[PDB]
Structures are given as C-alpha cells and as structure tokens.
Amino acid sequence: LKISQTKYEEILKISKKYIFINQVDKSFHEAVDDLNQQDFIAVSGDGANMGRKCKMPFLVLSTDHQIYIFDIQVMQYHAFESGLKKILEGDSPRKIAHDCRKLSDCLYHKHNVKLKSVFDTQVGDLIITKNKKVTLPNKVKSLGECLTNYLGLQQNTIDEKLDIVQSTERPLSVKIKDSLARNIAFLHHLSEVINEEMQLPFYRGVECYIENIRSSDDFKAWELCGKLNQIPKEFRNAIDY
Amino acid sequence: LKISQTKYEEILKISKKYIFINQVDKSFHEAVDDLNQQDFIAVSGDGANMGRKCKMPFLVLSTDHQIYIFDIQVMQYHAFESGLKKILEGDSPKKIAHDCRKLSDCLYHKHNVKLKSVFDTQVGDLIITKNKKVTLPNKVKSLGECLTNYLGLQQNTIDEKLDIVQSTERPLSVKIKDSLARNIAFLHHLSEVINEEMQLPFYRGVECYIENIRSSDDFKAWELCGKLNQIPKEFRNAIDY
Ligand SMILES: [Gd]
Ligand SMILES: [Gd]
Ligand SMILES: [Gd]
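X-ray crystallography is the method the PDB entry lists for this structure, together with a resolution of 1.60 Å.

Below, the structure is given as structure tokens:
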C-alpha cells in the first residue's frame, strides 16, 4: 500500500455504506444536494461500456465520503431531469472519471447529457508519464492498473466483467451493487494522488517556501522577512527539472 | 468577477459566519473534527507577520464551508496540543496558504509546530507565470493581487495592516474578527482556481477524451470502442503547447 492503513480502511468502509436510489424521492434529493456541495464527485464507467449503443442501467456517483447508485433503468429520464443532468453538465462539481470516453458517448447519445468539467485519472497518468519519460507511452493504463501503481492496491481490486444480462435484471442483485460500489470507492482518492503527482515542480517550490525563513539563523531570517516581495534565491533551481 | 455571482455570494456569507474559539471546549473539538474531515484547509498569514519574532495572537483556519478563528493568545499551547499541531504537521489535510514563508517561521520557533503539506497559492501563481512567460517574474504577487487577477475581485478586498495593538487586546474586537474572516474567505476558492490553471495540457487532454468518441460518427465511434487501450489519435496534439 502507498496509502495509509487508516485511509485504506476508511475507503473500504465507504465501499460498504453505499446508498441505492431507485425513485425520485427524498433520498434522491438528499443525494443530489450532497453531490452539489462538493468540489469533486466521482463517476464510474460502469454501465456505459457499450457507449452510444445502449442506455446505462445504473449510474454510480460518489463524494469523497459517500457512494450513490442510481437506478437509471427504473427512473429513466426523470433521474436526469430531477438533478443528475445539471450535475453532469455543470462546471461544478468537477467529475472524476477514469477514461471517460465511453461514458461521454453514452450519456450524450442515449441520455441527452453533455458531460463537462472532468478530471480524468487516465489522462493524468499519461501526463505524469510524459513529464517523466519525455514522450507518451504507447498504451493507456486501466483503473485497476492505476490503483496498483499509485495507491499500492492489489491487482484484482476492480471487477471488470460485470455481466450485461444480470445488470438489467431487477431486483438489482446485492452482488452487483456491492461490485459497483467497490469499483468506484478508490476513485476519489486516486484523483487526489494523481493531481499531486502531476505538479512536482510546484511542490518543490512549496518546500523551498516552507523552509526559506524557518531554517535560517536569526539574522538571515530577519533579512528575509524584509524581502518578501522577492522570490527566494533558491526557488528557480528548486522548481527546475 | 471571474467567479460566478452565486459563488461570490456563497463566499461572502461564509465570511460573515465565522466561528471564534477561545477555549478548548466542545466548539474547539467540533472544529478540529471538521478540519480533519477535509482534504484541504486554509491557513491565513494573519498573526504571523513578524515570523519568529512574535507569537501569534490568533490563528485563522478554514474549510471550504466554514471559517474558524482560534485565540492562541488565550489558549496558548493547549490549542496546539489539543489538535491543532497534528493538523498543521500532518500530511492530511493539506494546508492552503498564500506565501507561507513567515507563517512557517512563526509556527515553528514560537509555537513548536513544524508546518508540512502545503498548497501555496503564491508559488502556484509563479508556476502559472513561468509556464506562460518561460521565465519567472521579478516579484511575487500579494494575496489581494491574486484574488483580483484570478477571481476578478476588487483591489481592496484584503485588510493588509491589522492594528497590532487591537490584535493583542481582549476581548478581541468584532472589527478585527470580521477582517480576519474576510481575509481568509476567498483563499480556498483561490487554490482551486490556481490548481486548475497550473494544468493546461492536462485539461486539453481531458477535453480530447470527452470528445473523442462522443463527437464521432457511428462507425468511427464503434471502432474506437474496440481500441480503448490506445491513446486517441489527436491527444498528442491536444496536450502540446
Ligand atoms: Gd480525499
Ligand atoms: Gd455545536
Ligand atoms: Gd470550493
């Protein structure tokens, strides 16, 4: 694990505590209001794996503290008109996704929802790789490959083959709901790690600031307190790469 | 304004709804628990403007939704031993600051708190500027300048010269509390804007993903659904500058 044991356990608990929503009722509106209080929500690709060829049977969204499964098959367009569309189309919250290409296609052509304002962790991995290796790799990384690489999770964490027929059977099984929740549970976290890893020069510049006065002897420190309109002398080399 | 009118009004409300804490009591523990639920908290530089030369009379911390003013002059080290130290020295939450140089100095030498894990918006404006202009500027930007530049706020938003004598008199005046709260109110939002503006290639790569399949005709779209281990054909061009 590259995440803490504490944080891992907290996410595992979140994975078990999902809320399933299959009517536009008070729990729906409470979910929509919680999603709208966040800077970032995560959206799973589960349910959109055929792009524009098929409607989504469900839509999995989370905050950093709570996972929601919306039963799109049963609520139909009502779930979108009652708040999900504005969430997905709006600037805020930003949507975290891992490879939103098919999600975007499915939402637009099957649900009339134009996804906008996304943090894509697959794109982030490509940016981190380019920053390090100068050129892009020839292939992209799966969500599970990223969860292993960035968080240290075991290789089998994501259930990648949900069965298309069971996903459309109702009542929706507990086994499928539990898989959907586990498959989204680490995505919020992944995004925070990838965002930091994208910004290595920035973070070196921060570390220069945090130390610049604090580590100096008194006379030096007092001289620097009078020169705060200036960049620290070691800053340019710090952020260099 | 470069922020929405709605968001502006939300932040001005937060600025008025601060909580003042001057004893290690139930409100204090409530605040520490709230701050520890967050990915990011902000920390104002107000109170630390002489670095190591003087103790902080107050410490102002905020979440995205709530401002807290802690009376360090009255609580003294109890406030740090009761939860503030671990917050400020821990990896999580990350602390947003604008120019943490003196804050870091004061916290360590006057309060035995080693600030760690910071997102510094002054550093972030430097990174943005270097990205755009190739080289670093010859001066740094104040918090007020960055608020105007990035959020569109008016020039006099920050009260940059708190009255030293009223800052150490108790009861702490409403005028000083109100200033302290106004001076931190916009810092969380500033950090979110600066974080996005640091990452322009990333965001163009994201827009490439959102459009790649969605904008294609059906034939192309379906071919692309069979080639998701590959990078979109225009992605390099998108992320190039
Ligand atoms: Gd988080
Ligand atoms: Gd309370
Ligand atoms: Gd925010």
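With that settled, the discussion passes to the sheet that holds strand 5 (residues 94-97) of chain B. If you walk across this open sheet you meet the 6 strands as 1-4-3-2-5-6 (chain B), and the pairing is mixed. Each of the sheet's edge strands pairs with one partner strand only, and the pair in question is strand 1 (19-21) and strand 6 (118-120) of chain B. For this sheet, the mean inter-axis angle between neighbouring strands, taken without regard to orientation, is 25°. Sheet topology places strand 2 (residues 40-43) of chain B next to strand 5 of chain B; 3 bridges connect them, and they run parallel. Among the inter-strand pairings, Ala42 of chain B is bridged to a residue of strand 5 of chain B, identified as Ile96 of chain B. Where helix 11 (residues 200-212) of chain A meets the sheet, its contacts fall on strand 5 and strand 6 of chain B, and the angle it forms with strand 6 of chain B comes to roughly 95°. Strands strand 2, strand 3 (59-62), strand 5 and strand 6 of chain B of the sheet are contacted by helix 10 (residues 187-197) of chain B, whose axis makes an angle of about 120° with strand 2 of chain B.

Turning our attention to the sheet that holds strand 4 (residues 67-70) of chain A. All names here are of chain A. What the 6 strands build is an open sheet, ordered 1-4-3-2-5-6; its pairing is mixed. Edge strands, defined here as strands with exactly one partner in the open sheet, are strand 1 (19-21) and strand 6 (118-120). Neighbour to neighbour, the strand axes of the sheet diverge by 25° on average, direction disregarded. In this sheet, strand 4 lies alongside strand 3 (residues 59-62) in antiparallel orientation, the contact comprising 4 bridges. Bridge pairing in strand 4 links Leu59 to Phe70. Here helix 6 (residues 121-133) sits on the sheet and contacts strand 5 (94-97) and strand 6; the angle it forms with strand 6, its principal contact strand, is near 55°.

Criteria and thresholds
Residues numbered from 1 in each chain as written, not as in the entry; some residues may be left out. Chains lettered and ligands numbered in written order. Heavy atoms only, no water. Residues with missing side-chain atoms left out of burial classes, pairs and counts. Pairing = 2+ DSSP bridges. Helix = DSSP H or I, 4+ residues; strand = E, 2+ residues; numbered from the N terminus. Axes fitted to C-alpha atoms, helices over the stretch in contact; angles between N-to-C directions. Contact = heavy atoms within 4.5 Å.

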